[PDB]
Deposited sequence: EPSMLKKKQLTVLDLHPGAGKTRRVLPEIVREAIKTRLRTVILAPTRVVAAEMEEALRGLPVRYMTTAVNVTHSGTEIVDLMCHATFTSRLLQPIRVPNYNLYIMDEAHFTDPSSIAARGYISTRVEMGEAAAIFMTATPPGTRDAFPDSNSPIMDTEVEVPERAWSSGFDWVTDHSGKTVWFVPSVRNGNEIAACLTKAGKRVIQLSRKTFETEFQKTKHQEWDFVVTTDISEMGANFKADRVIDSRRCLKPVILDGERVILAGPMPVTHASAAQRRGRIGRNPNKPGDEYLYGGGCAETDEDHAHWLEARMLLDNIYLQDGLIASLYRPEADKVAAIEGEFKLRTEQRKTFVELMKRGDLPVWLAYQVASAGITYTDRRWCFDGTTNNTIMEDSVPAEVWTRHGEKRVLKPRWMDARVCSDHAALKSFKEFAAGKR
């Protein structure tokens, strides 16, 4: 039983090798036999729901939101959200994180907490991913050979050219840098008669169900589909681009304009296809190169904001997982909030659905969750626009006010659904 060894192992078998569907159940059955207190961390509820079916026969308990006889299963974000709530930790001695490449703040924080527990000698851990931090190979092994081709990939709706895009009779997954860009690409495809499904973080649960059927031609998805999303596809079109949230001078979050993805992201996007060992010839068409410039990526600082507010024995604060710990301009403990503000901080993230950085600014200012005056009293440059006109909301006080938050985070108004959500928050609807 290697699982009792207080160590952290990175299971880095190539995409499609069977980490999720074959190795994970083998580990789980060994953990149950050795009577370990085990948690399985899936990146998304969709993937967690899939795991709940595969582990039907085993004593696995899916936690939507007894320790040695039952294995707990939850999302990365659910695990981190629980670490933030007021009681003592659940005290697992084996952590299994699947799709451990996920770079959203809750996943980064979870890896930091877990790796700290291992360094304390209190647990073992397995991080499953073909693309651990520092990977520089965008073209890893696959179950069947992949036809890789560099081509110009449309960044924009097109009315001519790019016949190879629509002169395809199979199923295509197209990775776009943003929801807004995906909306434009999807509309262009639909207009060419294609059946298109769009995926983003906010819509992933409901919309992914559509992809399990025969009747679609394109999936247009942001990077969220890098996290264990399974498609019956024969082609991936990759913009090779993403947006990067960047904190400027500790004062505002901008979404840096579409820039090259990391090698890990490129490998995971390409890794959607070539998964059938008896079906060669899946295509990966990519439009540009990769880059590693995540030193100013807001997610690792946001992860430190989360970890600074997870309370552990004797006032220890967890460090980031070492291979990704050099990427952050933050000192351990500097974002630690006192009890009620930490409560407000969590509320603004969970109930308010605000980005970590924005929730932190509001909470550390001593503002209570229900007090929305900060959404309207910001500096004039923070005015949020909507179809070239200042956005306005009706408040619960019966006032029509211009949306002008005291702190500006571009993620609250980067697409129509985000702006609609933030307007409802500013209006006091949740």
- Message: Could you spell out the stretches of the deposited sequence that were left without C-alpha coordinates, going in sequence order?
- Response: 1-2, 68-73
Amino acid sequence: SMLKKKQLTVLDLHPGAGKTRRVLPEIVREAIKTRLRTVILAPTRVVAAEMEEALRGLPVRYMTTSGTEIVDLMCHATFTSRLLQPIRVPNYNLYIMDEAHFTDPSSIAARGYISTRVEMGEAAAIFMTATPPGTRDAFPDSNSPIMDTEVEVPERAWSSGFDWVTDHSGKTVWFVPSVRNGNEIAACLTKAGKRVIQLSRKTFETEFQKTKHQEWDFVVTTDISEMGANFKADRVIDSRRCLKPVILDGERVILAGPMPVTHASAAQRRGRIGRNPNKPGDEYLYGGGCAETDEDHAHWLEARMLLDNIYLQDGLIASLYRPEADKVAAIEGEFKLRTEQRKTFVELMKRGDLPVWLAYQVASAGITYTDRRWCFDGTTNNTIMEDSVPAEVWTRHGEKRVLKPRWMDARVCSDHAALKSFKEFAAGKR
From here on, numbers count along this sequence of modelled residues.
- Which of 230-238 and 185-193 has higher mean CA B factor, as the PDB entry lists it: 185-193
- Message: Averaging CA B factors per stretch from the PDB record, which one is higher: 84-92 or 195-203?
- Response: 84-92
- Using the entry's values, work out which of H263, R342, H76, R270 has the largest Cα B factor. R342
- Task: From the list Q361, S66, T38, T44, select the residue with the highest C-alpha B factor recorded in the entry.
- Result: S66
- Query: Sorting the chain's CA B-factors, does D12 end up in the lowest, middle or highest third?
  - Reply: lowest
- Task: Using the B-factors in the PDB entry, rank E324's C-alpha atom against the chain and give the third, lowest, middle or highest.
- Result: middle
- Item | Record-listed C-alpha B factor of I108: chain third | lowest
- Message: Where does the C-alpha B-factor of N276 rank in its chain, lowest, middle or highest third?
- Response: lowest
- Task: For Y311, return the chain-relative third of its C-alpha B-factor as stated in the PDB record: lowest, middle or highest.
- Result: highest
